[PDB]
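This report concerns only the one structure given below.
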Amino acid sequence: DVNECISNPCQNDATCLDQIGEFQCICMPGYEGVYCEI
């Protein structure tokens, strides 16, 4: 069932979040970046 959330594009410790065309890493309120890691 998994395909996009198998490697986790995140960098720190964020989770996966993709439906069809909107992938985003879930992080802590304060971490910036494209994949949550700043």
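To be explicit about the labels: the chains of the structure tokens are called A, B, and onward in the order shown, and within each one the residues are counted from 1, while ligands get numbers from 1 in the order they are shown.
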Margin query: Need the shell around residue A:17: protein/DNA/RNA residues with any atom at most 10 Å away, counting only C-alpha atoms. Skip same-chain ones fewer than 5 positions apart. Format as a PyMOL selection string?
Written below: chain A and resi 4-5+8+22-26
Checklist line | Residues near residue A:28, cut-off 12 Å, only C-alpha atoms, skip fewer than 3 positions along chain, as a ChimeraX atom specification | finding: /A:12-15,25,31-33,35-38
Margin query: When you look at residue A:3 with a cut-off of 12 Å (counting only C-alpha atoms), what residues show up, excluding the ones that are within fewer than 5 positions of it in the same chain? I need them as a list in words.
Written below: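 Near residue A:3, the qualifying residues are residues 8, 9, 16, 17, 18, 19 and 20 of chain A.
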Residues from last step as file, N, CA and C atoms, as an mmCIF file, in the first residue's frame:
```
data_model
loop_
_atom_site.group_PDB
_atom_site.id
_atom_site.type_symbol
_atom_site.label_atom_id
_atom_site.label_comp_id
_atom_site.auth_asym_id
_atom_site.auth_seq_id
_atom_site.Cartn_x
_atom_site.Cartn_y
_atom_site.Cartn_z
ATOM 1 N N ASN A 8 10.424 8.392 3.251
ATOM 2 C CA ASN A 8 10.236 9.593 4.057
ATOM 3 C C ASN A 8 11.177 10.708 3.600
ATOM 4 N N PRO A 9 10.721 11.557 2.662
ATOM 5 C CA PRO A 9 11.527 12.667 2.138
ATOM 6 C C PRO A 9 12.043 13.587 3.239
ATOM 7 N N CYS A 16 5.121 11.470 6.919
ATOM 8 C CA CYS A 16 4.723 11.600 5.522
ATOM 9 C C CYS A 16 3.289 12.109 5.414
ATOM 10 N N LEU A 17 2.985 12.771 4.301
ATOM 11 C CA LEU A 17 1.650 13.310 4.074
ATOM 12 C C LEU A 17 1.426 13.600 2.593
ATOM 13 N N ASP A 18 0.926 12.604 1.869
ATOM 14 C CA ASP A 18 0.666 12.752 0.441
ATOM 15 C C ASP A 18 -0.645 12.077 0.053
ATOM 16 N N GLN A 19 -1.411 12.735 -0.811
ATOM 17 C CA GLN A 19 -2.689 12.197 -1.262
ATOM 18 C C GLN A 19 -2.654 11.897 -2.759
ATOM 19 N N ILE A 20 -2.408 12.929 -3.558
ATOM 20 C CA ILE A 20 -2.348 12.774 -5.008
ATOM 21 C C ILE A 20 -1.274 13.671 -5.615
#
```
